[PDB]
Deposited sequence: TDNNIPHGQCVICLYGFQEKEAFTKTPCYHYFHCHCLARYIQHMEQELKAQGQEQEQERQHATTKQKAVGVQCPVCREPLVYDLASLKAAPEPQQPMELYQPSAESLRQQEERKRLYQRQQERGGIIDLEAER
């Protein structure tokens, strides 16, 4: 069936029509997400020289080509819409920041 949790790479959950995979350490990722992770990690390890699970660090077994072949998940971007309360809190923050500026408390990095 389909896992109830969320792919920690993209932060979306799993849908019945999506291509996802499960590691031998019992962690689920969309194939596309895990492929990007592995490609990146392979480049990084090379530039300093064992790709590990992003969740628990167990070394992964995988075939990169097989993960890449899978369809990228179709995921609508989640709109950002600040609550009235956050906008209020943001205003109080501006006030605090202004005081810090006046105090010489803000690092510039000219």
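- Several segments of the deposited sequence have no coordinates for C-alpha: 1-3, 53-69, 131-133, numbered from the first residue.
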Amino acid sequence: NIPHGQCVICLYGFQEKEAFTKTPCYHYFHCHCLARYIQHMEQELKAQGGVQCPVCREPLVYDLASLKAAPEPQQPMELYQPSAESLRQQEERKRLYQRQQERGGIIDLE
From here on, numbers count along this sequence of modelled residues.
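- Relative to its counterpart among 35-43 and 76-84, 76-84 has the higher mean temperature factor, C-alpha atoms as listed in the PDB entry.
- On average the C-alpha atoms of 11-19 have higher B-factors than those of the other stretch, with 11-19 and 91-99 being the two compared.
- Ranked by Cα temperature factor within the chain, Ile2 sits in the highest third according to the deposited record.
- Looking at the C-alpha B-factors along this chain, the one for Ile107 belongs to the middle third.
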